[PDB]
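Here's the structure, in structure tokens; my notes come after.
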Amino acid sequence: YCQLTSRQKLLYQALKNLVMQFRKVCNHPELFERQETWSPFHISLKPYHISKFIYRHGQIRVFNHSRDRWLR
Amino acid sequence: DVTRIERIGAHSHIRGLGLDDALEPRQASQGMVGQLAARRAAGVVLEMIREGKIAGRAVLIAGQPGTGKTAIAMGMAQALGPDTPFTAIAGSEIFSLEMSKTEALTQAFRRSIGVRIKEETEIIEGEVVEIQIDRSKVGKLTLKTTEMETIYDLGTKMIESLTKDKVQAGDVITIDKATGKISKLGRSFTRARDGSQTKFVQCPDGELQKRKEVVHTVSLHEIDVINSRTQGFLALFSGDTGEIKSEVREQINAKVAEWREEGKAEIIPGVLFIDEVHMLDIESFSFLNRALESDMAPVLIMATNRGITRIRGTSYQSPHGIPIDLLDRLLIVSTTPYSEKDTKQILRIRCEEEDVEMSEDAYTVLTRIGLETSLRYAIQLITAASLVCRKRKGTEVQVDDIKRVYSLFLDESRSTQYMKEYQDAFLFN
Amino acid sequence: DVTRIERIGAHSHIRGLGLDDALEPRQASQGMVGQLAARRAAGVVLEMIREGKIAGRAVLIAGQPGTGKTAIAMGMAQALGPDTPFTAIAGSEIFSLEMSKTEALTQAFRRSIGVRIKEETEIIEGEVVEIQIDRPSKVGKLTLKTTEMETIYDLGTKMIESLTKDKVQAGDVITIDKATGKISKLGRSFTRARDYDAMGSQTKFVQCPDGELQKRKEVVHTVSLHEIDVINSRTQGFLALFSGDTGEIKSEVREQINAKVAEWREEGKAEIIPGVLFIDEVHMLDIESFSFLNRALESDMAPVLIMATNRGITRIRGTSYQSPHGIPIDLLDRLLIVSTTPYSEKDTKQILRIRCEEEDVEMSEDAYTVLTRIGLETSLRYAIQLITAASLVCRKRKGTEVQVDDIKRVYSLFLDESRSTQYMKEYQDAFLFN
Amino acid sequence: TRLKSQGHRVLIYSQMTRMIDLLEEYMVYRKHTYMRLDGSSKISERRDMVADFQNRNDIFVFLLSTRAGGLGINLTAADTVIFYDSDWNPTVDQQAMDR
Amino acid sequence: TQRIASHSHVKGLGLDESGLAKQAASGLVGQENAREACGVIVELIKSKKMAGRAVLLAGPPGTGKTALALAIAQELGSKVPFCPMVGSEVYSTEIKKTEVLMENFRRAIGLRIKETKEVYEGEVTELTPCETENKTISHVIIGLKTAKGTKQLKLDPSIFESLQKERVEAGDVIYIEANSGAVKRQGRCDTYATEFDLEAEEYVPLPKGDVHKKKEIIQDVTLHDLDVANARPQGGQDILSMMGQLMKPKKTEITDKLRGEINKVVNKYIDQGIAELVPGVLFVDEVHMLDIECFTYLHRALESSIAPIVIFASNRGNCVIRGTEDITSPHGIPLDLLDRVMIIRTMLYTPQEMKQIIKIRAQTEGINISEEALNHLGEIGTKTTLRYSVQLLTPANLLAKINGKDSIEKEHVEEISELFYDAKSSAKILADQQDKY
Amino acid sequence: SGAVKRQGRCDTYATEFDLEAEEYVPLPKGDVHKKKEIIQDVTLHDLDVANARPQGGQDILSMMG
Ligand SMILES: Nc1ncnc2c1ncn2[C@@H]1O[C@H](COP(=O)(O)OP(=O)(O)O)[C@@H](O)[C@H]1O
Ligand SMILES: Nc1ncnc2c1ncn2[C@@H]1O[C@H](COP(=O)(O)OP(=O)(O)O)[C@@H](O)[C@H]1O
Ligand SMILES: Nc1ncnc2c1ncn2[C@@H]1O[C@H](COP(=O)(O)OP(=O)(O)O)[C@@H](O)[C@H]1O
């Protein structure tokens with residue numbers, strides 16, 4: 001006499017909430033998925049938008065670049 | 001039926017601030033009732049900020065706890081209008097171990113002010129009927145829209161961008177002629193026939209290639225982070241940036257001044273808002289004065305619920321929890337408590353906002369609860385009363401159900417009365 | 001003459017609690033003497049820990065200074081056994097500038113609980129005959145010899161990379177794991193290494209193994225929940241365990257580790273065993289750690305803990321109001337208090353007699369009268385130090401039996417705290433910040 | 001595993017074919033050689049698998065089904081028989097064990 | 001088996017369908033007004049139409065406030081996220097005290113997301129890079145062999161960088177996904193295990209099924225996990241993401257712009273209907289330990305429209321506010337926050353109701369106690385405290401196992417109560433010997 | 001300063017390709033070589049900051065920086 005498990009109790013009790021699939025799923029969890037491939041969820045964020053004027057005149061290195069030359 | 005990120009709060013029941021061309025507030029407008037002088041002064045401040053011809057002015061809001069001045073502040077923020085800079089912060093939020101209090105407050109003054117810059121760029125968009133590529137590599141594609149049909153030839157880089165993202169026959173996409181990034185907006189209904197089937201977009205209309213003027217507003221703190229850090233998006237979104245040098249900020253201020261002198265771009269003053277300023281350090285209290293005395297400063301409004309109280313850090317008791325130096329720097333607008341006649345009106349409009357059907361005896365007894373106790377407690381009583389009415393299955397809330405909820409939840413004064421009897425058993429009385 | 005890392009100490013001589021099978025306390029056993037009440041209660045908590053069916057319990061010990069409150073905790077610590085995990089932490093240790101005090105408390109609770117995992121692996125152990133490698137992937141063979149059987153195996157790419165990385169040459173006894181892939185060279189053969197190249201490298205020699213070449217072994221290990229949480233939190237953080245640089249681990253990772261460990265217990269591959277957390281002088285701990293400890297103890301994985309309190313009726317640090325044992329009433333009422341009765345004159349003679357067998361110092365019968373009187377007027381710790389230095393001066397006089405004159409010499413050399421206070425009152429005006 | 005130190009023959013009786021396939025996939029990772037007997041493979045492959053059971057190397061077990069394994073013939077070297085569950089038919093356990 | 005927990009015997013509030021509180025249900029007795037008061041609260045949380053609500057629990061220590069919190073946690077179910085928090089946890093050296101309270105909301109609110117993934121997996125028969133003039137690799141050519149069939153596919157140089165990162169060689173089984181771009185390696189096929197008698201690499205059998213398979217995966221993630229993923233680039237295919245993966249994961253503050261962007265993308269997911277958002281419940285125990293600054297931020301926090309429901313626990317009466325050094329407030333909570341929170345009154349248990357708790361806990365511990373020992377434990381419990389009689393259950397059972405008795409006896413309870421000391425008696429003993437302390 | 005900046009490809013070459021990634025600007029008016037007089041003032045703090053710690057701002061394209 002073999003006792004059931006958590007998967008057999010959840011699959012047996014949750015199914016009653018064809019009936020032969022329960023008789024086939026009583027010994028082992030063939031109907032339900034015991035092993036399923038799992039992968040982490042991937043999320044993509046919208047890329048940052050920077051204006052052309054903010055790119056040309058944006059950085060402070062282009063204004064002081066000659067002053068930075070004098071720093072070197 | 002779906003639950004949006006936003007849910008009904010205390011300030012969410014009102015939308016906008018009701019005013020008139022003569023600045024005479026209505027008794028009930030835009031969900032707000034009463035406080036004629038408060039809504040008039042706040043309307044004057046709103047028209048001042050909408051003018052935006054001056055800079056570096058402060059105005060304070062004062063009133064008793066429960067007067068809803070925070071609700072008129074959030075309602076003023078809603079009535080401010082889109083595409084205008086606004087920032088909401090609290091007095092306790094500026095304290096952080098990662099960044100100094102002065103760099104955090106100055107960071108708020110930077111986030112408040114913003115700049116509007118307009119550009120023009122050539123962008124192609126439309127449905128792609130066919131694509132051909134021959135491998136340098138030479139290929140040609142067909143761009144068809146409802147109005148016209150065109151054929152284009154691609155270079156090496158364009159062929160690389162095409163082979164990077166595969167596009168099938170008859171797919172509506174947007175091709176940028178500047179960067180070279182191809183983005184597929186959708187698939188045509190007729191061309192998408194015969195896959196994932198993610199989305200469907202109709203064929204675009206108009207000219208294929210147009211020059212669009214892009215209106216883009218950037219923040220001074222955003223530009224300052226972008227320039228200071230190697231990657232300002234990773235610095236700002238990561239939060240690792242802090243203690244930015246003031247020399248770079250001054251250079252950016254001079255360059256923005258040069259931009260305004262050129263006239264190619266314009267600067268838009270922002271609206272800073274500070275909550276619970278009754279408790280704050282004299283370092284920030286003193287720094288607000290000079291920060292407002294700076295050339296370019298946003299227009300701010302601060303809320304203080306408490307009255308005369310000792311400020312934090314010193315043993316001196318300041319009036320209104322603020323030193324006289326900052327008190328004389330700004331103007332104060334005091335709010336009066338709500339009238340009994342306005343209380344039942346607020347209760348009724350909260351019934352309309354929360355979709356609750358009550359009776360006149362319910363509004364009368366709840367009005368008594370508003371007379372003996374603060375209105376917020378009654379607003380918290382009706383919310384739990386609707387559910388008890390649902391358990392009673394009745395289509396209208398009853399005074400008996402209001403008595404059941406009133407028996408379930410007790411006021412702070414009552415909990416104080418029982419806590420006086422059980423206080424000896426409580427720890428550290 | 002060889003001295004280990006361990007040396008004689010105050011609580012080190014205790015080999016256990018000295019309890020019977022009935023758990024009734026014995027007067028003298030396992031290096032502990034007297035205090036039948038606290039010995040019996042310590043038996044109750046030891047039998048309770050050995051039961052391990054109940055979790056989330058706190059036991060407090062209180063009494064006068066010098067009653068052996070630490071000696072009892074060391075008694076149950078040594079009597080608990082090597083296979084059962086034990087952790088002894090101090091209130092000042094969990095205070096750190098790198099990580100928060102509550103996080104240190106979580107590291108203590110998750111650190112006390114041990115996890116025992118068994119592993120069965122088949123390894124190959126034998127003496128290498130020859131090693132051949134062909135490089136064009138490199139393919140080579142390895143011929144091994146044992147007294148029972150001589151074998152020949154083929155090597156793959158990763159195997160040749162591992163052996164060449166380990167600098168393995170013919171004539172060395174090595175151990176190769178099939179499933180793991182690790183190779184560990186034990187040594188060289190005497191006869192096979194007797195004839196060597198002119199390089200003449202002398203390192204080590206190992207005799208040829210006997211029996212089957214491939215054998216199945218079982219190696220059991222124990223891993224701490226804090227160790228697993230650091231390893232999996234740092235994303236290959238094996239160095240962060242010994243480095244201690246990790247801190248402020250996210251709670252979600254800890255929850256997932258708890259659920260996965262529960263799943264392992266459901267699978268039966270890994271077993272969970274209880275552990276003990278000893279805290280001494282907890283009265284100085286901040287009240288915030290107490291409020292976090294009361295609610296944090298309600299967890300199912302929270303092990304039983306034991307605290308000790310030296311004083312009573314003292315204000316808590318950070319608060320201006322006094323509380324019994326420097327502990328709030330929520331925690332003080334949350335745990336059981338075990339009071340220790342002060343020792344009597346009859347027990348002191350036996351305590352001082354234990355040092356005779358422990359320190360191997362012959363004591364005369366006349367020395368227990370004056371030494372016992374010094375134990376009555378002064379502290380038993382000062383009596384033990386008087387025994388040690390008295391034995392030093394006894395060796396200085398080269399006598400086998402202790403003489404009273406030597407004890408008077410040590411008593412003249414060292415003064416009690418009360419005496420140092422008496423002279424400190426006369427010279428106190430010249431002393432700084434009187 | 002207790003029968004591994006013994007080293008007798010083991011036969012598994014499974015009414016469901018999916019349990020036999022999962023038993024082959026689970027037994028394949030354990031390095032345990034075996035053979036599946038069902039109503040799928042041809043009588044030639046089943047005849048070769050039944051004829052290869054004499055002095056079979058490394059195969060200590062056999063997979064069988066109610067009707068397919070209880071069809072007929074015999075298993076000479078088989079000793080230990082394990083039933084996954086009942087066949088929902090009378091005497092089917094004795095007839096399946098008769099092989 | 002599972003280790004016994006103090007609150008494990010509490011299965012919920014134990015309320016009927018009419019909302020009234022039964023005398024004994026779900027392992028809880030008494031507190032009919034408190035449980036009946038929570039019966040509307042669980043209907044509010046299950047209703048989800050309201051936000052920014054805080055319910056304070058006021059009661060003496062040991063009256064089951066935490067048992068009511070965890071009882072509601074068990075009543076709402078496993079789908080409703082429940083986040084416990086202690087007042088001492090908000091203090092951290094890495095991040096500010098406010099950032100913890102702000103992150104506890106995102107950690108409270110849960111989100112269910114369905115993701116459709118296309119999977120290409122199987123044995124790799126051939127892999128070769130293409131060569132293009134700038135010696136750069138423009139494209140990758142990799143064939144896939146499976147029991148169903150063989151199909152050659154082309155991959156990008158980034159995917160090739162992940163393959164060379166995984167040390168992928170010909171004859172191995174790999175796992176490739178499209179939208180995420182990550183590359184995994186299952187292992188070498190079992191067919192090649194026979195050529196080498198000894199090999200370090202473990203062998204896995206050849207998978208079955210079509211190479212390309214589209215499948216739906218329903219995962220439950222928290223807005224705080226999403227907020228950390230968007231906050232720091234820990235995961236990814238970038239070499240900088242690998243270096244940061246090697247770096248220590250210290251806590252950092254999240255910007256309000258990132259939070260608003262999260263609200264935007266999640267709002268778009270709700271508009272698409274693929275993602276299902278569920279509200280959470282934030283529990284705060286020992287709220288009197290929280291700082292007045294934390295309360296000051298709780299003013300705006302509770303008034304927020306997106307804030308999940310928060311329950312507070314206060315076991316103390318009038319006390320000095322933390323940091324004020326002067327002003328003392330009821331329940332350690334200032335009048336500003338205390339006016340906003342909703343207070344629930346809790347009453348001490350009666351002598352008759354205590355014995356039932358002692359019996360229920362005695363049965364939960366698995367101990368057989370006679371009626372005499374039950375009446376004695378109830379008597380001494382009413383003399384001092386309930387917690388004491390709760391703690392006296394196990395040791396008396398230990399003495400019963402030692403003496404061989406099947407049940408606890410008055411001599412066992414008398415011996416255990418004789419060994420252990422009550423807080424009152426000990427506090428009285430500290431007075432005589434206080435001079436020696 | 002010795003710096004080099006690339007504005008874009010000449011407008012005359014824009015008609016050969018129907019689709020090209022490089023932007024096109026008209027031929028800039030003015031002399032090829034322009035002589036101007038610029039007087040720059042630099043505080044000591046910026047010099048001491050750039051020379052205090054390694055700058056690392058030589059190449060932004062580097063992944064290590
Ligand atoms: N003009 C108004 N009309 C209706 N209700 C209001 C109005 N102003 C405030 N309230 C009510 O006041 C509550 C918030 O008050 P609050 O801003 O906290 O007061 P205080 O600023 O004095 O603390 C809201 O729930 C809202 O229903
Ligand atoms: N039960 C005991 N048996 C033997 N020696 C003891 C016992 N209890 C205390 N001692 C001795 O007393 C000395 C001082 O004990 P101490 O650590 O001051 O006790 P407490 O920690 O209770 O103050 C120790 O060196 C120890 O050897
Ligand atoms: N009404 C009740 N019925 C059953 N057990 C209770 C009840 N109230 C409290 N308890 C038990 O008493 C124990 C101690 O309660 P505690 O958490 O200290 O209460 P509080 O949180 O009010 O201080 C808890 O483990 C709980 O299981």
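Labels for the structure tokens follow display order: chains A, B, ..., residues from 1 in each chain, ligands from 1.
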
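With a cut-off of 7 Å and using only C-alpha atoms and all ligand atoms, the polymer residues contacting ligand 3 are residues 6, 7, 9, 10, 27, 28, 29, 30, 31, 59, 60, 61, 62, 63, 64, 65, 66, 67, 315, 357 and 387 of chain E.
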
Print the selection's residues with N, CA and C atoms to a file, as a PDB file, in the first residue's frame.
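That gives us out.pdb:
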```pdb
ATOM      1  N   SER E   6       4.566  28.957  15.989  1.00  0.00           N
ATOM      2  CA  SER E   6       3.665  29.534  16.983  1.00  0.00           C
ATOM      3  C   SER E   6       2.311  29.886  16.377  1.00  0.00           C
ATOM      4  N   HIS E   7       2.313  30.466  15.179  1.00  0.00           N
ATOM      5  CA  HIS E   7       1.085  30.847  14.494  1.00  0.00           C
ATOM      6  C   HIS E   7       0.581  29.780  13.530  1.00  0.00           C
ATOM      7  N   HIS E   9      -1.026  27.042  13.997  1.00  0.00           N
ATOM      8  CA  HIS E   9      -2.350  26.515  14.301  1.00  0.00           C
ATOM      9  C   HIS E   9      -3.475  27.465  13.913  1.00  0.00           C
ATOM     10  N   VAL E  10      -3.157  28.677  13.466  1.00  0.00           N
ATOM     11  CA  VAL E  10      -4.178  29.640  13.071  1.00  0.00           C
ATOM     12  C   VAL E  10      -4.426  29.504  11.575  1.00  0.00           C
ATOM     13  N   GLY E  27      -9.063  27.752  14.690  1.00  0.00           N
ATOM     14  CA  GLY E  27      -8.058  27.813  15.731  1.00  0.00           C
ATOM     15  C   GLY E  27      -7.985  29.118  16.489  1.00  0.00           C
ATOM     16  N   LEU E  28      -8.995  29.976  16.373  1.00  0.00           N
ATOM     17  CA  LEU E  28      -9.032  31.249  17.077  1.00  0.00           C
ATOM     18  C   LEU E  28     -10.297  31.341  17.919  1.00  0.00           C
ATOM     19  N   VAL E  29     -10.140  31.807  19.156  1.00  0.00           N
ATOM     20  CA  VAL E  29     -11.259  32.019  20.062  1.00  0.00           C
ATOM     21  C   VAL E  29     -11.235  33.469  20.529  1.00  0.00           C
ATOM     22  N   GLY E  30     -12.409  33.962  20.913  1.00  0.00           N
ATOM     23  CA  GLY E  30     -12.509  35.336  21.362  1.00  0.00           C
ATOM     24  C   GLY E  30     -12.265  36.336  20.238  1.00  0.00           C
ATOM     25  N   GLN E  31     -12.196  37.605  20.648  1.00  0.00           N
ATOM     26  CA  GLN E  31     -11.977  38.728  19.734  1.00  0.00           C
ATOM     27  C   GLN E  31     -13.044  38.760  18.642  1.00  0.00           C
ATOM     28  N   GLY E  59      -3.951  46.901  20.905  1.00  0.00           N
ATOM     29  CA  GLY E  59      -4.224  45.893  21.901  1.00  0.00           C
ATOM     30  C   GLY E  59      -3.028  45.593  22.780  1.00  0.00           C
ATOM     31  N   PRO E  60      -3.276  44.964  23.926  1.00  0.00           N
ATOM     32  CA  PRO E  60      -2.181  44.594  24.830  1.00  0.00           C
ATOM     33  C   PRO E  60      -1.282  43.547  24.200  1.00  0.00           C
ATOM     34  N   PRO E  61      -0.030  43.447  24.644  1.00  0.00           N
ATOM     35  CA  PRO E  61       0.860  42.406  24.114  1.00  0.00           C
ATOM     36  C   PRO E  61       0.353  41.017  24.477  1.00  0.00           C
ATOM     37  N   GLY E  62       0.366  40.122  23.495  1.00  0.00           N
ATOM     38  CA  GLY E  62      -0.109  38.770  23.701  1.00  0.00           C
ATOM     39  C   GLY E  62      -1.581  38.559  23.441  1.00  0.00           C
ATOM     40  N   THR E  63      -2.267  39.544  22.867  1.00  0.00           N
ATOM     41  CA  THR E  63      -3.692  39.441  22.583  1.00  0.00           C
ATOM     42  C   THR E  63      -3.988  38.938  21.177  1.00  0.00           C
ATOM     43  N   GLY E  64      -2.967  38.566  20.411  1.00  0.00           N
ATOM     44  CA  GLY E  64      -3.181  38.004  19.094  1.00  0.00           C
ATOM     45  C   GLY E  64      -3.321  38.997  17.966  1.00  0.00           C
ATOM     46  N   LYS E  65      -2.682  40.164  18.061  1.00  0.00           N
ATOM     47  CA  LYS E  65      -2.693  41.102  16.941  1.00  0.00           C
ATOM     48  C   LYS E  65      -1.973  40.513  15.734  1.00  0.00           C
ATOM     49  N   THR E  66      -0.756  40.005  15.946  1.00  0.00           N
ATOM     50  CA  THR E  66      -0.035  39.331  14.870  1.00  0.00           C
ATOM     51  C   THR E  66      -0.780  38.088  14.400  1.00  0.00           C
ATOM     52  N   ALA E  67      -1.475  37.403  15.312  1.00  0.00           N
ATOM     53  CA  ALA E  67      -2.302  36.270  14.913  1.00  0.00           C
ATOM     54  C   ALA E  67      -3.460  36.710  14.025  1.00  0.00           C
ATOM     55  N   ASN E 315       1.331  47.557  20.023  1.00  0.00           N
ATOM     56  CA  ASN E 315       1.137  46.875  21.295  1.00  0.00           C
ATOM     57  C   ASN E 315       1.337  47.779  22.504  1.00  0.00           C
ATOM     58  N   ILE E 357      -7.490  28.114  24.804  1.00  0.00           N
ATOM     59  CA  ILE E 357      -6.255  28.334  24.059  1.00  0.00           C
ATOM     60  C   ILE E 357      -5.177  27.362  24.518  1.00  0.00           C
ATOM     61  N   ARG E 387       1.094  33.292  27.954  1.00  0.00           N
ATOM     62  CA  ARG E 387       2.339  32.866  27.320  1.00  0.00           C
ATOM     63  C   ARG E 387       3.107  31.881  28.191  1.00  0.00           C
TER      64      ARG E 387
END
```

- Query: Which chain C residues are at most 6 Å from chain E (counting only C-alpha atoms), as a ChimeraX atom specification?
  - Reply: /C:54-55,100,153-154,156,178,181,288,292,298,300,311,337-338

- Item | Which of chain F fall in helix (DSSP H, G or I), as a count of residues only | 14

Would you mind listing the residues within 7 Å of ligand 2, counting only C-alpha atoms and all ligand atoms, as a PDB file with N, CA, C and O atoms, in the first residue's frame?
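File produced: result.pdb:
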```pdb
ATOM      1  N   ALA C  10      38.927  28.965  31.175  1.00  0.00           N
ATOM      2  CA  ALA C  10      37.957  28.948  32.267  1.00  0.00           C
ATOM      3  C   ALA C  10      36.846  27.935  32.019  1.00  0.00           C
ATOM      4  O   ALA C  10      36.602  27.054  32.852  1.00  0.00           O
ATOM      5  N   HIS C  11      36.151  28.049  30.889  1.00  0.00           N
ATOM      6  CA  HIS C  11      35.041  27.163  30.563  1.00  0.00           C
ATOM      7  C   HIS C  11      35.457  25.999  29.672  1.00  0.00           C
ATOM      8  O   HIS C  11      34.602  25.200  29.274  1.00  0.00           O
ATOM      9  N   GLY C  31      32.730  17.466  34.505  1.00  0.00           N
ATOM     10  CA  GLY C  31      33.392  18.711  34.833  1.00  0.00           C
ATOM     11  C   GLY C  31      32.518  19.787  35.439  1.00  0.00           C
ATOM     12  O   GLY C  31      33.033  20.868  35.757  1.00  0.00           O
ATOM     13  N   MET C  32      31.222  19.542  35.611  1.00  0.00           N
ATOM     14  CA  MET C  32      30.316  20.509  36.216  1.00  0.00           C
ATOM     15  C   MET C  32      29.881  20.016  37.588  1.00  0.00           C
ATOM     16  O   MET C  32      29.706  18.812  37.799  1.00  0.00           O
ATOM     17  N   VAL C  33      29.704  20.955  38.517  1.00  0.00           N
ATOM     18  CA  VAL C  33      29.355  20.640  39.895  1.00  0.00           C
ATOM     19  C   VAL C  33      28.355  21.664  40.413  1.00  0.00           C
ATOM     20  O   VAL C  33      28.460  22.862  40.135  1.00  0.00           O
ATOM     21  N   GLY C  34      27.379  21.179  41.175  1.00  0.00           N
ATOM     22  CA  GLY C  34      26.421  22.048  41.831  1.00  0.00           C
ATOM     23  C   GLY C  34      25.361  22.591  40.887  1.00  0.00           C
ATOM     24  O   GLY C  34      25.333  22.314  39.688  1.00  0.00           O
ATOM     25  N   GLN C  35      24.464  23.389  41.471  1.00  0.00           N
ATOM     26  CA  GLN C  35      23.375  24.060  40.760  1.00  0.00           C
ATOM     27  C   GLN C  35      22.477  23.039  40.050  1.00  0.00           C
ATOM     28  O   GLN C  35      22.362  22.997  38.823  1.00  0.00           O
ATOM     29  N   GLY C  63      20.943  35.303  36.827  1.00  0.00           N
ATOM     30  CA  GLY C  63      21.527  35.002  38.117  1.00  0.00           C
ATOM     31  C   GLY C  63      22.604  36.006  38.465  1.00  0.00           C
ATOM     32  O   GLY C  63      22.839  36.984  37.748  1.00  0.00           O
ATOM     33  N   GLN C  64      23.260  35.740  39.594  1.00  0.00           N
ATOM     34  CA  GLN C  64      24.324  36.605  40.075  1.00  0.00           C
ATOM     35  C   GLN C  64      25.608  36.373  39.280  1.00  0.00           C
ATOM     36  O   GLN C  64      25.827  35.284  38.745  1.00  0.00           O
ATOM     37  N   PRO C  65      26.463  37.390  39.175  1.00  0.00           N
ATOM     38  CA  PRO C  65      27.765  37.187  38.526  1.00  0.00           C
ATOM     39  C   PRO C  65      28.604  36.174  39.292  1.00  0.00           C
ATOM     40  O   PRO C  65      28.761  36.264  40.511  1.00  0.00           O
ATOM     41  N   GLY C  66      29.147  35.204  38.561  1.00  0.00           N
ATOM     42  CA  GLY C  66      29.935  34.149  39.161  1.00  0.00           C
ATOM     43  C   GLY C  66      29.179  32.882  39.486  1.00  0.00           C
ATOM     44  O   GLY C  66      29.713  32.032  40.209  1.00  0.00           O
ATOM     45  N   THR C  67      27.958  32.724  38.980  1.00  0.00           N
ATOM     46  CA  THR C  67      27.156  31.535  39.235  1.00  0.00           C
ATOM     47  C   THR C  67      27.305  30.472  38.154  1.00  0.00           C
ATOM     48  O   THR C  67      26.682  29.411  38.261  1.00  0.00           O
ATOM     49  N   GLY C  68      28.104  30.727  37.123  1.00  0.00           N
ATOM     50  CA  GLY C  68      28.322  29.735  36.088  1.00  0.00           C
ATOM     51  C   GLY C  68      27.349  29.792  34.932  1.00  0.00           C
ATOM     52  O   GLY C  68      27.148  28.779  34.249  1.00  0.00           O
ATOM     53  N   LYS C  69      26.732  30.954  34.695  1.00  0.00           N
ATOM     54  CA  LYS C  69      25.778  31.081  33.596  1.00  0.00           C
ATOM     55  C   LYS C  69      26.418  30.724  32.259  1.00  0.00           C
ATOM     56  O   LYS C  69      25.778  30.097  31.407  1.00  0.00           O
ATOM     57  N   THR C  70      27.679  31.111  32.059  1.00  0.00           N
ATOM     58  CA  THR C  70      28.394  30.714  30.851  1.00  0.00           C
ATOM     59  C   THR C  70      28.861  29.265  30.927  1.00  0.00           C
ATOM     60  O   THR C  70      28.912  28.579  29.898  1.00  0.00           O
ATOM     61  N   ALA C  71      29.193  28.785  32.128  1.00  0.00           N
ATOM     62  CA  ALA C  71      29.632  27.402  32.284  1.00  0.00           C
ATOM     63  C   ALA C  71      28.532  26.417  31.910  1.00  0.00           C
ATOM     64  O   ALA C  71      28.821  25.320  31.421  1.00  0.00           O
ATOM     65  N   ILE C  72      27.269  26.788  32.130  1.00  0.00           N
ATOM     66  CA  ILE C  72      26.164  25.916  31.748  1.00  0.00           C
ATOM     67  C   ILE C  72      26.015  25.878  30.232  1.00  0.00           C
ATOM     68  O   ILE C  72      25.817  24.808  29.639  1.00  0.00           O
ATOM     69  N   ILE C 351      34.941  22.607  43.427  1.00  0.00           N
ATOM     70  CA  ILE C 351      35.316  23.368  42.238  1.00  0.00           C
ATOM     71  C   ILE C 351      36.822  23.585  42.203  1.00  0.00           C
ATOM     72  O   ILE C 351      37.468  23.405  41.163  1.00  0.00           O
ATOM     73  N   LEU C 380      35.427  33.400  42.891  1.00  0.00           N
ATOM     74  CA  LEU C 380      35.949  32.087  42.529  1.00  0.00           C
ATOM     75  C   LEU C 380      36.902  32.167  41.343  1.00  0.00           C
ATOM     76  O   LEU C 380      37.819  31.345  41.228  1.00  0.00           O
ATOM     77  N   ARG C 381      36.704  33.144  40.454  1.00  0.00           N
ATOM     78  CA  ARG C 381      37.648  33.349  39.362  1.00  0.00           C
ATOM     79  C   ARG C 381      39.012  33.771  39.896  1.00  0.00           C
ATOM     80  O   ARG C 381      40.048  33.257  39.456  1.00  0.00           O
ATOM     81  N   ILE C 384      40.669  30.781  41.157  1.00  0.00           N
ATOM     82  CA  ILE C 384      41.274  29.945  40.123  1.00  0.00           C
ATOM     83  C   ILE C 384      42.590  30.549  39.649  1.00  0.00           C
ATOM     84  O   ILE C 384      43.594  29.840  39.495  1.00  0.00           O
TER      85      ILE C 384
END
```

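Using only C-alpha atoms, the nearest neighbour of chain B within the list C:157, C:372, C:340, C:319 is C:319.
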
- Query: Given a cut-off of 12 Å, which residues of chain F touch chain E, counting only C-alpha atoms, written out as a PyMOL selection string?
  - Reply: chain F and resi 62-65

- Message: What does the list of residues within 7 Å of ligand 1 look like if you count only C-alpha atoms and all ligand atoms, written as a list in words?
- Response: residues 10, 11, 13, 31, 32, 33, 34, 63, 64, 65, 66, 67, 68, 69, 70, 71, 72, 305, 346, 376 and 379 of chain B
